[PDB]
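A single chain comes next, written as structure tokens; it is the form deposited in one PDB entry.
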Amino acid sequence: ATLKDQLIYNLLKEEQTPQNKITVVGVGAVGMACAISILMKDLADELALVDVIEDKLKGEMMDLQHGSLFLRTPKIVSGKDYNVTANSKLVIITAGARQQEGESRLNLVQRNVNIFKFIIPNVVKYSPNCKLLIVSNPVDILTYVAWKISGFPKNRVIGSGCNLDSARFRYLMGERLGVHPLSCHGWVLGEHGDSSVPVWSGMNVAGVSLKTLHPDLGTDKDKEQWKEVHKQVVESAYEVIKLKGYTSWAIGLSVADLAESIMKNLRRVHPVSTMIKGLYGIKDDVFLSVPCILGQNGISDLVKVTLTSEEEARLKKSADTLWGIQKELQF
């Protein structure tokens, strides 16, 4: 018969659902960085890609497939239709609209809502029990949107939030101190971006509180002006975009780290965006980054960080701002 039949004797036809499937939505520079990082970390037995640009999507899929000999992820699929995402444990959303020349923040956000109004229901239809990880900006608002639209419980809706901000901060800290970032601990929480909060009290190496050692740490009287470190962090995306036109590698690595905790049920703690209603005097339905325990069911727990008055007020202001935009959104 066929060469395949002469070579191989089959015992079983009945295939099986993929058991550790991940989907990435949006195959732009960010989506694809998440994809490559996920593949090279062996987190999935099946990866699906979705996008609206069909030729691009197919080309990315094929380029990855051609690398299969060097990977341990035996099936890569893609498509415009969401049936290819069926039974994903985790669905990472990087799709969205880039802010345009002259466009306001409310209109920018609405355009992204209008995109999530199509994306989310489709994801939910095919993977009703997945965790949602939102990367698209503005991430805090869009994570809220996906939670609202999906109707998922809060543990299954997760925003990339200040995960990368924190990684950047630890890299900068590491360079200043001559220590690997892995051994430099420090947390950036709150609203992702300009209004994020560097938690000076938790910055440490080997458990040694930097703020205890240098009480001026984080202030203007800070002889070393560590404030600037948080400054470089907030301005990193812009600096990199000005140099290469976009960002990709760091976000991809940082998302892959989140995926690892989730897929392997590690219960590590990560700074990610989560519904914070009921904390720091916040009573609105808003998402902000706090250290969260990540595992098989998403965010099972969050760490209640002790904040100072100034630090609590900043999150409160962020929450207020976020809510004021959200009550204007049309679903």
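Residue positions are given as counts along the sequence shown, with the first one as 1. Residues that one form lacks are left out of the comparison. In this text, the rigid core denotes the largest set of C-alpha atoms whose superposition between the two forms falls within 1.5 Å.
Only in words, not in the display: the form deposited in another entry, which the text now covers.
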Next on the checklist: Core-aligned, between this form and the one not shown, one residue among 107, 83, 129, 209 moves its CA by 2 Å or more. Tell me which.
Outcome noted: 107
Item to check | Core-superposed comparison between this form and the one not shown, residue 231 Cα displacement 2 Å or beyond | outcome: no
Checklist entry - Does the C-alpha of residue 240 move 2 Å or more between this form and the one not shown once the rigid core is lined up? => result no
Next on the checklist: Once both forms sit on the same rigid core, is the C-alpha displacement of residue 167 at or above 2 Å between this form and the one not shown?
Outcome noted: no
Item to check | Stretches between this form and the one not shown where the CA atoms of at least 3 consecutive shared residues shift 2 Å or more, core fixed | outcome: 97-108
